Every structure is written in structure tokens, then in C-alpha cells.
Amino acid sequence: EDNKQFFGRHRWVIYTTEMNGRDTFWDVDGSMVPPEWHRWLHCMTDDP
Amino acid sequence: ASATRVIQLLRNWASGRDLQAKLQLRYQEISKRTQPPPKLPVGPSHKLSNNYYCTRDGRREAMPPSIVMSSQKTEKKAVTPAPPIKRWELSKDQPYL
Amino acid sequence: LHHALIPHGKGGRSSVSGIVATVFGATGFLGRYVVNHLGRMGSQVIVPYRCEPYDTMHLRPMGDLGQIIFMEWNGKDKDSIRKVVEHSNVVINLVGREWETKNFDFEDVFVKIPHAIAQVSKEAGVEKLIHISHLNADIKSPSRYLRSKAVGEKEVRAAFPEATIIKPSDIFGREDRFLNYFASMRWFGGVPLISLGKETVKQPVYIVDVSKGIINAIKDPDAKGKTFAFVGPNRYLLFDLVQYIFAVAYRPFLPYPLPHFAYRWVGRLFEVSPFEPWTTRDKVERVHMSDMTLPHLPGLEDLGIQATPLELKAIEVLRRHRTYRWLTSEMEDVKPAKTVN
Amino acid sequence: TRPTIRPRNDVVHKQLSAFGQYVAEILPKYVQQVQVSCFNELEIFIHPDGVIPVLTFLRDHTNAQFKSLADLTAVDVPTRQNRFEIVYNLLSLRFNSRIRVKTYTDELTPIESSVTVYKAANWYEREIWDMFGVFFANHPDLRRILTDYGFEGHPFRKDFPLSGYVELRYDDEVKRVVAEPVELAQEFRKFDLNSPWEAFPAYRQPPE
Amino acid sequence: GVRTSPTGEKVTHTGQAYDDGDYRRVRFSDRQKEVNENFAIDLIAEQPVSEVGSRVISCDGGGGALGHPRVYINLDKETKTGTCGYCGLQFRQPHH
Amino acid sequence: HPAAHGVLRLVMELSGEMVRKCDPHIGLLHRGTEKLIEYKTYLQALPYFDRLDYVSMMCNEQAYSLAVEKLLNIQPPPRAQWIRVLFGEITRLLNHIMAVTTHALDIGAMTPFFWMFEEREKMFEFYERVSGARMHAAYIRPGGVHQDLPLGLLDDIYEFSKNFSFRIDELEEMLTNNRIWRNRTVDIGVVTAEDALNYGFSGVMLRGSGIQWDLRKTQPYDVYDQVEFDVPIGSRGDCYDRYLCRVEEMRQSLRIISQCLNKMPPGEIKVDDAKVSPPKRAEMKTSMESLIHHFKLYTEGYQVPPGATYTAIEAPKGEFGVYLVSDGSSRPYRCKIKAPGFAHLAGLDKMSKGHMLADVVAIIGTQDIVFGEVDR
Amino acid sequence: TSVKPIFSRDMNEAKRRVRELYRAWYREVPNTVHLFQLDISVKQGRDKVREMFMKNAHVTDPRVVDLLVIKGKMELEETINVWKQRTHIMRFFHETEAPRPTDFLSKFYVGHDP
Amino acid sequence: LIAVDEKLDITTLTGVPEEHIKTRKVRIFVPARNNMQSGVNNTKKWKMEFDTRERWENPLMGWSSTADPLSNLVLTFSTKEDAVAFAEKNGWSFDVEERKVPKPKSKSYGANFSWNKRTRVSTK
Amino acid sequence: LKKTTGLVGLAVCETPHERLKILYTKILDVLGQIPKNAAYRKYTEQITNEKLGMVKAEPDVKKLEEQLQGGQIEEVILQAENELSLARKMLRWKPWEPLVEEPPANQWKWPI
Amino acid sequence: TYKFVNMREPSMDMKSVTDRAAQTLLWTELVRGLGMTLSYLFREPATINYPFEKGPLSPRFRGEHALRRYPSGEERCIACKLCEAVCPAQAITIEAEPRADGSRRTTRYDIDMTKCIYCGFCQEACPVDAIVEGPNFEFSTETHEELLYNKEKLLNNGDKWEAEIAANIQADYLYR
Ligand SMILES: CCCCCCCCCCCCCCCCC[C@@H](O)O[C@H](CO[C@H](O)CCCCCCCCCCCCCCC)COP(=O)(O)OCC[N+](C)(C)C
Ligand SMILES: CCCCCCCC/C=C\CCCCCCCC(=O)OC[C@H](COP(=O)(O)OCCN)OC(=O)CCCCCCC/C=C\CCCCCCCC
Ligand SMILES: NC(=O)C1=CN([C@@H]2O[C@H](COP(=O)(O)OP(=O)(O)OC[C@H]3O[C@@H](n4cnc5c(N)ncnc54)[C@H](OP(=O)(O)O)[C@@H]3O)[C@@H](O)[C@H]2O)C=CC1
Ligand SMILES: CN(C)C(=N)NC(=N)N
Ligand code: SF4
Ligand code: SF4
Ligand SMILES: [Zn+2]
């Protein structure tokens, strides 16, 4: 998180290099995040 | 935001308007995503007395349309659907662009 | 019959025809037509594919939701064959290539694969097996294609005694080889023919007629272990047939006699292409060979299908090969070719 | 102050009633009935052949300058002998008012086209024809506007099924889109919603 | 707990399981059958029984406005526990 | 065609590049909205209006709600009416942004398109906050609105309105006095006042032609009579005058938005009549009568007294009207939708006399046709 | 009396209108085949026009005849202006419909249809 | 300007297929009162509904499919004569059932306490 | 005097009063061929005489527009021409005759 | 009130005539447009770095559907069919029967996501907050069939998104 960026880009995520059994070094999906961090990233709330 | 002082002046003279005065991006000036609980009002018909649905029944006050004239059944002045509409007044805030 | 196999509806796209068919080699001409007919009926279709899934995209709109299921199979993999034929009561065999590749030959694609499919189909207890052979299936034909076709037909009959073996003569249609091969000889100057094509007699059969015969063979109760010969109504000499093809395509026709050994050498040259060859020696042999007459075998009229003449459907195929000058020309302009009856 | 109930406008009701009496007196040959709904909407029911005279009067009269054709539709009522009910909505900008004119017709009886009075009537009557089947006699170009080319039947009739009779799909055999009889994967589930208890006694129909 | 059909196919909590001779099992080949492991009946049976000393009790599912509409259970039948049917919760008077 | 606004088969008879006749073929987006409305309940017919003019969604919803409330003889609460007006003006800003930017894109300019569509993205954020859907809110319902505003929506709307006049000025700096745009849009598709009135044009078309007529000023609805704004009037009746009128309408909509933000009243957001609007969740889960009314409203719906009405509003594209006929049941008997673009596209042939292909594209842009509402 | 006729009043003039429409369609099949690049013959097109005309041979009401010829003229003018595509012209032929049997035994075999 | 003696027929204009014109036998009737409720507001207007056709189960999702376009079509008419006229002019077959109106019943509260008759009630 | 009327296609008329008088006189002449008992004739003749009185009484254009309450003078002239055309058509139509035909038994009943 | 958008006549003094002539020859307004475009170039872009940055949403957002449970684990749905009756698109199919313990539950609960219009009427008509429109919106598919959810799929979605769904319900339910 970086509050100095404009709203929309003030929270970002770097995805894991390996999830379950897929090698996600390059192919990263927008739904890999768990539901709680998904909510925090989409800014439905304020507390992580 | 974050911009070089040279770039700020370059944009300001190129655009002709102070861009930093009204930025197009949101920087912490928006409302917090988490807000305190609200309390909506109840309404006018949440009284516990003198409140019978008979006296506030909107649907039941509708009536079949009035039959002005049906074929089955001095000098009157000619009439109009309504008095003629008044001429619009020219705007005082900005009469001409 | 199982409760889920009882027919229902008015035979539409969303109906239930009670047919569960595994269509081997459905990613082709006859395969796509048969799959389209089954989907139009409203049947359960299983399409085993070994190519890219992109090459099987045109089969998706041919059936309703949950009717077309795509599975991956290998030709020499009995486990995959069993996996794809486990839950189907009809198995249709259309696997075949006109050329020999590095991994698969005429023996492999016409004897080993059909026999394996028939053997595994019997193990899974499928009710009906349909197998496509060729009309000129001779045990000692000059063409290894026809030799392997006959050997594989015998092997399939041995493995699955309750089979229906279809023997079409020659398929002509939009994606066919026959008319396109004959009409693609514009580029190579003239048209080479063996003995000017005066010794070869052919009666091609329409693709839609073949597909409808395959479909009705499934629904026919007393065609369980039979052999059918699908041929057209009119027999044409090869020279007259090629002349009519070029007349309908509105292209200059310059036929010349090419000796058999020279034609064999030319076919040998054209089969070195790593991709799909334009022509091969066995293709030349099949073109030269006349269509055998087998009156004792049943046919389309016996199944319940009236044969479609070439003249009616020759313009669907050959209109693409015309130029802008003759694109708008009608079908009635070109007179029908002379027949041999 | 009765916040739930909508307010009423006696003055506008009286004005509309007076104007309805006025138009009925002016045009007694065609005007059969005049009604004023409780929400101040004047409504005139006339003979079908009076469309052109009544509309021309309401458009060009000095005391009724209804120069804008708001809408033109039809209502299918199967029980009535003249099922189709042509409805004209007119707007008078000079007097800031609206009016409605209603005529009746059936499948075979033609209604005179009002394109010579209002130009929007061109497309509005094309839509009416394409949707219901009402034929307009003198029309510059009468043909389908909304339905598919070669579509059979008029969709907005109350006797026309919701899903139609045919559907479309692509048939690889003929390399073109084909039309086949409709066959839904899931049938439209019709709901019986009407309660068996009378809601509004004010609209109770006499048992004769 | 998910139960296994005689054909090895997982059985849902509503008793759904394709027959051995049903062709529709072909759709699960090279794919999976979507079955949730948790069973509501098993979980609610594992839940205990509340014991309150009143003939009439109220259940709203817990949470207030976030639960089910509040209903009243009459615990006069001593041979069985009164079960709020919105949430399937049992109540019973103390026998002691 | 990219300039066909998605679905329009314009059969043009060109003589070189001039236009001899235009025969617009519509119905490529005809679904059967009126038939489906006949088969659906009053509550279930609202999203159909939400999808008619998919650029003025709150405006279509407001028109339908006004029709149903007039038939029901009820009155929405003042706070609900003020929220309706505020979101109607926000939707008008959205629609005018879309129209001007699409017209500029058809002409050949795209930077204003991108800027004003970023602004549209912010307004869609407002929509998603208030309702939960970015485009099709289904928020305005007969008897009021669905839910009350969140506790920061007014502040964020104030910020957006404060930072939008500069965007309008930037848009004007690129097209208003540009000679290329002036040549493209001046004296193109001139329509006289009498022709516009007869052909049934409404809204910006009439104002450009010079007609001093606005529904919000002449037949006020909701609390539009309680706000002050100016109605732009054209002088020449061409594309340039209509563009100027639309920009000035954007500015006046900003005025109305400011007035609504300053004058927002407190109270409930739907009619206090549980036989028309469903009760709150707490009342439904604690009160027997409230639960019964919730059940009946969401299963059968509310009955509407028999009768026919025609209500019209000043939607951003013109006069949007609904002619609703009820037979006393819970589902409408008939519903005719008078879209503003229908008459305009009917009159497209007249406006394109003597013009060329580019001028025809410009005339389509200035007519601002949405084929969802055109075809219904 | 007092019944408004759409056109042509009595039946003879309606038959005249029918013959005019049939002539107009007959002199259009070759153009339809040429323009749309149909695979059918001109004779097949004329036969189909004759069939579509003959399926209303039992009409005895002049107003219905007038409405039928009006709709036929609309469809004719749609074909000339190439507003229709090859799709609709071939929809006139039902080239993909399965043959529904009309005998009682086959109808009993296939399903519950009357 | 013609006579009106001849029957009206709009089958050739409605666009309905010949199958659904010839093989359809609609039913004209006043709907039976829902026996679960004592309201009679749904027994006022005549109805016209079509014969039930085949419904099967979808191979996927097990939904109920249909091939009858007019399965859900129910028309409401003010009177039997109007319903019959509409059916005749649209060419369908029809079967008409007359209205079943309850006969008057003589109710008396005093009969619940009869001196000698059997109508006396044993409980309230 | 005014440069433009503010309406496209509505040209400024340099002789308002003469045109208004001529149009109203023509309208009154047309109304003389309509039967005396006709309800249409009395109303339009009354309103025309009321409007023809104002033009003959006020020479000022702006005050005339204010008193007529029908918009600008060009709009008034257009309304007069439309009224003249309507009067001619009505003389052709003759709608003062009795009703052509009553509707069927229950034609306008609703709901039904 | 009304205003004239374009009714301002130009002046005719020599200074203004020369200024207009200079504008006609020397493309002053064109240079002004260039300057505006250059300023927008030198500004900062408003593009987020998807998928590493997600756009803002609200607790009222309506996305993928789900079926919830009570904290005890029991299903919330009681097969009241209000969602089925109120669904505008008729995308919900419900079939029920008494359970082994007599509970009123569902045997078939199907939502056709290709037929749903995502309007939220089902979650507002649910008397026990069983069916909800969860926050998930990225559930695209390569095949049509997988977009026909059933009871098992909806229960799996509810179990996966239970925490976020509960948080959204807590944040929003006071407005309902
Ligand atoms: C005249 C000769 C021909 C001229 C025209 C052709 C010139 C070709 C020159 C070489 C082109 C370079 C291409 C290689 C770029 C690979 C970049 C790297 O990222 O590839 C990744 C790995 O991809 C594959 O593993 C390999 C890609 C191709 C690698 C090179 C292939 C062989 C190159 C030499 C072939 C022979 C060249 C001579 C004949 C043409 C794919 O990343 P991706 O997953 O998507 O991104 C996910 C989304 N992110 C960004 C958010 C993370
Ligand atoms: C090295 C490269 C330099 C690049 C310069 C970039 C300039 C800015 C780039 C943006 C311009 C690109 C878009 C321009 C397209 C439109 C331009 C344009 O229209 O100009 C034409 C415009 C006229 O068109 P309209 O006004 O529209 O006519 C209709 C009137 N209603 O003006 C012109 O004709 C331009 C002519 C050049 C002006 C020359 C003036 C100089 C004359 C004085 C020289 C005197 C020399 C001799 C005197 C010596 C005395 C001792
Ligand atoms: N058309 C003709 O000239 C006539 C053909 N026949 C016979 O009818 C059948 C169908 O003919 P047709 O459609 O023209 O042929 P195609 O070449 O067009 O189709 C053959 C099909 O079999 C598949 N296939 C080929 N080789 C293998 C392999 N080694 N393993 C697995 N699958 C394979 C292909 O799939 P993929 O693309 O994935 O390799 C393709 O789907 C053949 O048996 C043919 O002999 C009979 C008479 C005339
Ligand atoms: C789809 N809509 C509304 C468009 N304007 N489209 C377009 N391509 N310009
Ligand atoms: S969101 Fe609306 S359309 Fe979708 S399932 Fe729920 S009620 Fe039906
Ligand atoms: S509204 Fe809720 S409780 Fe009722 S059937 Fe639907 S999901 Fe179940
Ligand atoms: Zn409980």
C-alpha cells in the first residue's frame, strides 16, 4: 500500500510464483487472492 | 500529486489553467471506505395511534374516469385546454454565451 | 432400453433421440457432416480428437448444451479408446488418411486402428458399430490404400460380427478431395490423364447422401451385421467427368495423355512434402482405377435415400473455383455430361 | 397532510372537462365519447373514419394547437369485436397540454393513414402494421420495420405465443443460417399470480 | 461426509448418483463431479440441544436482523425437543 | 460499420458521394421488450426500462416509476424525489458526455472521448456505490428508491462536481472554436422549427431548431420545480448549435447537482405504504404483517387500479414517454415505450438532403441515436 | 353493405390483383437466382412460387385476398431490393427440415403427436 | 361494400403453422375456483387455453423442455360468445363448458339449536 | 425591425397588421358558407373577431404580441393560415352532421 | 429562463478585424489545441496496473451468486421459492421435499448464469439471507455448460466466499 499514489493505484499485489500445482511465474490471474485480501484490494473496506 | 516543478509550469502555461487547483485524480480527499453505522428514519406512518390504513389508502382513492360527454346519454365562450403559456424570461445569470 | 435412452421430443435440436455415438475421426469431411446430422437429431455425441482443439471448434455449434463432448485420444492407445467408447451405444469409424506419414501408414490407419476400435467396442458392449470402407476394396488391388482397406474390413468383421460396413464410391462436396483435386489442376498448365481418361468409369456419391445413409443405418433395425455400397445414380467416364468439372468451373480445359510410369513418377515427386501432399502415387492409382459394380450389395435406395445426382450439387463445389467473370453464372447454363449406362 | 396519497388538481380537471365539451360540440359527427381520468388526462373516443378530420382539427385549430404527435400505438383486446385500438397522443406547446384520441378497428378494416397530418405517423404506423396487422390505406411506404425479413405473423397480438413459432441456428451442411421450429431447452414457467379476492371495489363490474 | 456410489462416483447430500448403465456419466470423464463435502444434516445433528426453563422460547437464528424471522417454540411435549424449523435448532425443558 | 452505432443497416443511394436517399433499417436490436413486460410483473418490468436507453438508465427508471406511481395514486417521499432528481442529472451528464464524445469520435477526434470517459468511469463508480451495479442500477422504483445513500456519497459527488467544470472547459477548448470542427458541424442537417414539430423531434433537436420548450420547465415532475436552471436555445438548428446546447446542458446539470447537494432533505427514501413498497428487513423479520406484505409483494406484486396513462420526462435524448395500460391485475396489460430517438431516426432522411457521406455520419452523431430504445 | 373493402371490391378484381402479383413474381425468379447466387434452378423457383400461391386457393373473402396480395407484394419488393439475404430465400424452401411422417402408424411409432 | 353473411377466417393471415391450426382443440371455460381459498374473483371472466403437449426432461440439468409454441397461451374473454367468435375466426377447434354457478343455500343460525330436528349442533 | 425571429424557417414579416387583417377577413368570409347552427362556425368566428379587434386597435407590434398571447407576430400569422386551411377543409368535411355510427355494444369498456 | 448559446455577433473595429485575420492566417486556435494536448501528455496517466491493481468496489456490489449457511453449518435456504418467483429472467429453478429429519430444504437449486441479469432481486427477496450476490466478478469460462450452476456449485461458492460475504452483509445490512 502507498497512500501517496492516487486512489485506485494506492494498493497493489504481487502474486505468488507457485500456487497449488500451477507454475505461476508468468501466468497470474486476478482471482488468485483469497476472499479477505480480495475485499481489501478492491477497497470495500479499509482495515487489512 | 507528484510532478517536477518544471513540468508543473510547463503544463500550466501550455494548458492555460492552473491544473493543480483542480486535479483529475483523487488523493486522499475521498471519503473513507469504512464508515460509522447509520440510523435511517422510520417514516410518517410508523405511529402507534390515529393511524388506520383506511385514512391513508392511496390505491383505494382512485376512481373510474369521469364521463364528460357520451353520445349514448346564450353564447358560450370558446375555451382552451389551458391558459396560454407565458413567454420565457431571458436568463439573468448568463443571457448570452 | 435405459430410462435415459428413451426417445423424446419431436426430433429437434433440444430433443432426445436416444443415440449415444462416439464418432472417431470426426475432425474431417464425413466426420463433420455425420456429427452435424447427429446434433441436428439431438443425440449425444462424443468426438475423440488428437489434433489441436482449435481444429475442432467448428463442431461446437452442431449440438445443444451438453450434447457434444470432446475427449482426447491416441490412435494406438486402447485405454483412451475404451475411455471414449465406455458410455456410447453406437461407435462410428471414419479414421483414414490418403497419404502415409512418418508415424502412421496405410496399414496402421486402416487395419490396426479399426481393428483396435472394433475389439475395444466389443469389450465395452456397444450395441452398434458402423465402419467406413471403400467401394473398391480389393485384397490384391494395385493400391496399398485399397489393400489395407480390405484387410482392415476383414479384421473389423472378425472382431465385431454385428457391424455395418459402408462402402462409399467417392465423396464429392464442399470440403471434398475429388472435385477439388480435379479442379485444382488449372495451375499445372493442362490436365494429365492416363490414356486420356477414356478407360476409367466413376460414379461419385454425394456427401449429404452418405451422411444420411450412415444416420439411417443406425436407426435401421435389420442392418446390424451388413455391408452397404453407397454409389451415385449416374456412371461417368473420367474424361467426360473432368470435362464437365472444368465446364462448370468455367476454366480452359486442355487434357493430354500422360503415360502411367511418368504419372507414377510425378506422384512420387509430390509425396515428399512434409505437409499434406497435393497428390501421391496411391492417389494416382485410385484415380485411374474404375469403380467396381457390386449389385448384390444393398445401397442408398435400400436404406431409404434417393441418390443425389452430380449435376444438382456440382455448382455448390465448383462455384468457388470460378473467376469474377463467371461467378454469377447460373447452374442451368452448362449442359449435363454424358453418362455410361 | 396525507403524505402517501398523491395530490389532485381540480382546476386542471375543470379546464380539461371544458375543453372536452368544446371539442365534442365542435365535432359531433365523429366524437363518440369524452372522458377525463382522475389524474387529468383528456381522452376522446371517435369513429374510425374521423381520424383525419379530428386530427387536423386538433392540430391546426387556433384554440387547440396540438402540433406535436407524442405517440401512436395500438392495444389488442381479443374479446371486443374491433380488437385493435389505435391511440394517438398529442402535445400542444402553446397551451402546454396533452390530449389522447382513441379509435377502433379489426384485422380486415383499414384505418386512414395520418401521414398527411403528422410525419412521425409514417414510422409509427409502419410499427403498428408490423406489430398488430392493422393496414393503413394511404401510406407512402408500408412494410415491416421491426420484425425479421420474411417474418410471418404479427408478434404483439395477444394470440401470438411469447416464444414464437421458429428459431434460428447455423447449419454447417448448407453453410448458412436456417430457421427451424421453436424447441426450448427449458419451458417458460407460467405463473398464476392473480389473487382470488377483489382489490378495488370502485371498479367492480355490475353482475347485470 | 461424502458417500461413494457402487460405481465410484461421489454421492451428493440429496442422494443424487447416476446409475451404472446411465450414459450421462460420460460427462465426468477427464473432469470432476462437483460435490460439496459439508453436509448440513450431519452438522445440525452434531449441534447440541439447548435447555431452557420456559414453556415458550424464541429463536431468530442468532445475530438479530441477520438471522431468520423470529419464531416461538412451545416446549410442552416432553418426549421430544421443540425444533425451530428455520434453522433446525432444538430446545427442551430441564427434566431435573 | 464503426459509425453505425452498433446496429443500423442504412441503405444509402449515393450518386458519387452525395446522398440521394437514406432508408434506415432498424429492428436488428428488437427483442420484444413490450411483450416481455406484458408477461412480467410491475417490479420485474423495471430492468427492461433500465435496459432501453442504456445511456440514461436512471432516467428510464424514473419515467417508469412516475408512470406506475401516477397509476397507483401515491407519492414518493421528498428525500426520494430529491435523490431521483440528483441521479437524473448525473445520468444526464453521463448521456451528454457519451453523445458529445461519440460525435467527436465519428468526426475524427478521440482525446476528448478518452478524457470524458474517465469522467464517466468516476460517475459509474458513484452508480456502483449507490446501487451495486455500474450501469444497470435498478435503483429508482415505483414508490421511491431502493436504499438510502451511503455516508460519503454526497461528499464524493461534491468533489466530482467541483472538479468537472475544468473538464468541460478542456472539452470545449478542443472543439468549440476549432475551424475543422466548425466546418464539419456548421450548416449540416439544418431542420426548421415547423418541420421538427411535425416530425415529432423533442429536446435538444427542438432547442437547436429554436423552439423554447423544455419538459422540466413546462411540466415539472419530482422537485424539478424547486431548482433554478437555464434552458439553452439554438439559433441556426445545425450540428454545431446542438453541440453547444448539449455542453450548456451539461453546465446547467452541474448547477442542478449543486442545488440538490445543498438542499437534500432528511427522511425515508420510499413511500411509507407496505402494500406498495416492501418493508425493511427488521420489520419483515419481526412483524407478522410486514412479513406477509413482503411475501405478497415479492411473489404476486402490488395491484394497480385499471386505467391508461401516458407520462413523459425530459430524458437527455429528448421526450421519453411511457403509455401504460392496466386492467387491475398485478401485471401490466400494455406498455408502449415512446423513445425520443425513434422520431429523430425517422426524420434522418429529411435532414440528409443534399449532403455527403461524412455529413450523414455527422447527422447521425448529432441525432444521438441509441438503438436499444429505438428498437425496444 | 357499409363494410369497407381494402381494395378491388368484388372477387373478380381481387383475382385480377392475384394474377398481377403472380406475373410479377414469375418475372422475378431468374433475377433472384442470378443475384443471390442460389443453387436452385429457375424452374424450381417458379414451382415454389406456384406452390406458395396455391396454398391460399381456398380463400373466398375478397378482403383477405387483398391483404394476402399486399403482403405478397411487400415480400416481392423486399426481394428485388436485396433487403433479404440468401438465408431468407432459402428459408422459403425448408432445405434442412426433417421429413415428418403423416401416416398414423409412423406417427404412433415416433411420439405422442396427433 | 359487401355482405356479412359469410363466416370470417383469418388463418391465412395470422401466420400460425397449419399443424397448430388443424391439430389444436382449445378449451373455453370459466376457471374453477381455487378450492384452497374462498375468494371468487377469479371465476368472473372466461378463459381459452390449448391442449397439453409433450414435456420431457432435459439431458443436461434435467429441466422440463417443450416443443409446443402455444403451451403458455391463455386468453381472457368477457363472454362465451366472444370466446367462440374469436376461436371460429382464428380457425382452431373448440370445446365449450358452461359456467358452474353455485345454487343458493338457505342458511339460518337458529337451526343450530333446533328443538327436535337433527340440525342441532353438539359443539360451537 | 427585429433581425431574426429565433426560429429556423420563420422569416420576419415587414407588414404584420395588413397580413393579419387580410387573413382574418378571408377566414370570416370562409365561415360565411357554413350553416348558422353549426357549433364550429360560432366559436372560430368569435375568436377571430376577438383577435381581429386587437390588431385594428393597437398599432404597436410588441403590445399587439403581448395582447394576442400567441407568441410572435409571425407565429400568429402562421396560426391564422393554418386556421384558414382548417376552415376550408371543415367546409369540405361538414362535421356538424349527427354521429356517423354508435360503437358496438361494449366497445370502450375497461377493464375487460 | 433560457439563454442563447450562439447569438453573439462579432465586432467590426480595426483591432478585432486584424486579430481575426491573424487568427485566420496564423493558426492560433490550432496552436491552442496543440498546447492543451501537450499539457495532457505531460500530465499523469490514470491507468491502473491490472491485475496487480484492482478497481474500487462497494459493499453493495452484486457479482457471483452463493448460498450461505448458519454458523452451526446448517443451510439457510428453506425452499420458500421467493427468489424463483421474483426472478425477472426466470433463471432460478427450485425443487424441494421434506428431508430425512423433516426439515424443509432444497433438492434442486439451479441458477443459469447465462440467463441471470444480475439484478439482486433474489437476495432482497430472501427472508433468511440464504441466496446472496457475492463480491466475485471474475468467473469467466471457456464453455457454456459451466455457467449453469447448481446447488453443489453455489454451496461451494458460499463456502469459499463466506468471510467476504459476511463482512459485506455486516457493512451494508443497516441500509436494508
Ligand atoms: C526476419 C526474421 C524474422 C523476424 C520476425 C521475428 C523476429 C523474432 C525475434 C525474437 C522475438 C522475441 C520473442 C521472445 C519474447 C519472450 C518474452 C517473455 O516474456 O516470454 C514469456 C515466456 O513465453 C514463452 O515461455 C517463450 C516465448 C518466446 C521465447 C522465444 C522463442 C524462441 C525465439 C527464437 C525462435 C527462432 C527465431 C528465428 C526464427 C523466427 C511470455 O510471457 P507471458 O506469460 O505471456 O506474460 C504474462 C503476463 N505478465 C507480463 C503480466 C507476466
Ligand atoms: C517546418 C514545419 C513547420 C510546421 C508548422 C506547424 C504549424 C501548426 C501545425 C498544426 C496545423 C495542422 C492542421 C492545419 C490544418 C488547417 C490549417 C488551415 O486551415 O490554414 C488555412 C487558413 C485559411 O483557411 P480557412 O480560414 O479555413 O478558409 C475558410 C474561411 N472561412 O489560412 C491559410 O491559408 C494559411 C496560409 C499561410 C499564411 C501566410 C501568411 C504570411 C503572409 C505574409 C508574408 C509576406 C512576405 C512578403 C512581404 C515582404 C515585405 C517586405
Ligand atoms: N473422401 C473420400 O475420398 C472417401 C473416403 N472414404 C473413407 O471415409 C473415411 C472418412 O474420409 P474423409 O473424411 O474424406 O477423410 P479425412 O482425411 O478428411 O478425415 C480423417 C479423420 O481421421 C483422423 N485421423 C487421421 N489419421 C489418424 C490417426 N493416425 N489417428 C487418429 N485419427 C486420425 C483425422 O483427424 P486429425 O485431423 O486430427 O488427424 C480426421 O478427423 C475414411 O476412412 C476414408 O477412407 C471412403 C470413400 C471415399
Ligand atoms: C454501441 N454504441 C452505443 C455505440 N455508440 N457504438 C459505436 N460503435 N459507436
Ligand atoms: S440477480 Fe436478478 S436476474 Fe439474477 S438470479 Fe437474482 S433475481 Fe434473477
Ligand atoms: S428466497 Fe431464499 S429461502 Fe427462499 S427459496 Fe430463495 S434462497 Fe431459499
Ligand atoms: Zn431458529
# chains A, B, ... in the order shown; residues from 1 in each chain; ligands from 1
>>> interface_residues(of="chain J", to="chain I", cutoff="12 Å", atoms="only C-alpha atoms", output="number ranges by chain")
J: 3-7, 9
>>> closest_atom_pairs(of="chain J", to="ligand 2", cutoff="7 Å", atoms="only C-alpha atoms and all ligand atoms", output="CSV")
residue,atom,partner,partner_atom_place_in_ligand_line,distance
J:24,CA,ligand 2,26 (O),4.8
J:25,CA,ligand 2,32 (O),4.2
J:26,CA,ligand 2,38 (C),6.0
J:27,CA,ligand 2,17 (C),6.6
J:30,CA,ligand 2,10 (C),6.0
J:31,CA,ligand 2,8 (C),6.1
>>> write_last_selection(atoms="C-alpha atoms", output="PDB file, in the first residue's frame")
ATOM      1  CA  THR J  24      -7.167  33.010 -39.885  1.00  0.00           C
ATOM      2  CA  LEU J  25      -3.606  33.196 -41.224  1.00  0.00           C
ATOM      3  CA  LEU J  26      -1.617  32.247 -38.107  1.00  0.00           C
ATOM      4  CA  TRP J  27      -3.434  29.203 -36.725  1.00  0.00           C
ATOM      5  CA  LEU J  30      -4.957  25.224 -33.653  1.00  0.00           C
ATOM      6  CA  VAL J  31      -1.848  26.031 -31.613  1.00  0.00           C
TER       7      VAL J  31
END
>>> interface_residues(of="chain C", to="chain G", cutoff="9 Å", atoms="only C-alpha atoms", output="list in words")
residues 7, 8, 9, 10, 11, 12, 41, 312, 313, 315, 316, 327, 328, 329, 330, 331 and 332 of chain C
>>> residues_around(residues="residue I:111", least_positions_apart="2", cutoff="10 Å", atoms="only C-alpha atoms", output="number ranges by chain")
D: 203-205; F: 305-307, 325-329, 333; H: 78; I: 108-109
>>> residues_around(residues="stretch 68-77 of chain G", least_positions_apart="2", cutoff="9 Å", atoms="only C-alpha atoms", output="list in words")
residues 142, 143, 144, 149 and 150 of chain D; 14, 17, 18, 21, 24, 25, 28, 56, 63, 64, 65, 66, 79, 80, 81, 82 and 83 of chain G; 12 and 13 of chain H
>>> write_last_selection(atoms="C-alpha atoms", output="PDB file, in the first residue's frame")
ATOM      1  CA  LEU D 142     -45.910   0.463 -45.734  1.00  0.00           C
ATOM      2  CA  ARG D 143     -43.734  -2.533 -44.839  1.00  0.00           C
ATOM      3  CA  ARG D 144     -42.163  -4.271 -41.863  1.00  0.00           C
ATOM      4  CA  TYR D 149     -37.218 -10.144 -43.123  1.00  0.00           C
ATOM      5  CA  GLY D 150     -39.863 -12.611 -44.225  1.00  0.00           C
TER       6      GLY D 150
ATOM      7  CA  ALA G  14     -59.227  -9.405 -56.403  1.00  0.00           C
ATOM      8  CA  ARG G  17     -54.761  -8.444 -58.455  1.00  0.00           C
ATOM      9  CA  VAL G  18     -53.692 -12.013 -57.655  1.00  0.00           C
ATOM     10  CA  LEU G  21     -48.864 -10.370 -58.378  1.00  0.00           C
ATOM     11  CA  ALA G  24     -44.664 -10.000 -61.081  1.00  0.00           C
ATOM     12  CA  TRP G  25     -43.249 -12.922 -59.092  1.00  0.00           C
ATOM     13  CA  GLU G  28     -38.539 -12.214 -60.944  1.00  0.00           C
ATOM     14  CA  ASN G  56     -54.258 -19.968 -50.315  1.00  0.00           C
ATOM     15  CA  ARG G  63     -60.646  -8.538 -48.115  1.00  0.00           C
ATOM     16  CA  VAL G  64     -58.461 -11.489 -47.105  1.00  0.00           C
ATOM     17  CA  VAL G  65     -57.370 -11.778 -50.743  1.00  0.00           C
ATOM     18  CA  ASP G  66     -56.419  -8.093 -50.804  1.00  0.00           C
ATOM     19  CA  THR G  79     -36.510  -9.481 -52.659  1.00  0.00           C
ATOM     20  CA  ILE G  80     -35.939  -7.045 -55.539  1.00  0.00           C
ATOM     21  CA  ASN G  81     -34.101  -4.528 -53.343  1.00  0.00           C
ATOM     22  CA  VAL G  82     -31.906  -7.375 -51.990  1.00  0.00           C
ATOM     23  CA  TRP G  83     -33.036  -6.466 -48.482  1.00  0.00           C
TER      24      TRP G  83
ATOM     25  CA  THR H  12     -54.144 -17.438 -43.737  1.00  0.00           C
ATOM     26  CA  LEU H  13     -53.234 -14.092 -42.123  1.00  0.00           C
TER      27      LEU H  13
END
>>> interface_residues(of="chain F", to="chain I", cutoff="6 Å", atoms="only C-alpha atoms", output="PDB file with C-alpha atoms, in the first residue's frame")
ATOM      1  CA  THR F 192     -36.752  24.112 -39.471  1.00  0.00           C
ATOM      2  CA  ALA F 193     -38.917  24.612 -36.393  1.00  0.00           C
ATOM      3  CA  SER F 209     -34.113  24.491 -34.117  1.00  0.00           C
ATOM      4  CA  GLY F 210     -35.105  27.351 -31.795  1.00  0.00           C
ATOM      5  CA  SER F 235     -30.459  29.862 -33.377  1.00  0.00           C
ATOM      6  CA  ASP F 327     -56.565  -3.929 -16.164  1.00  0.00           C
TER       7      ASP F 327
END
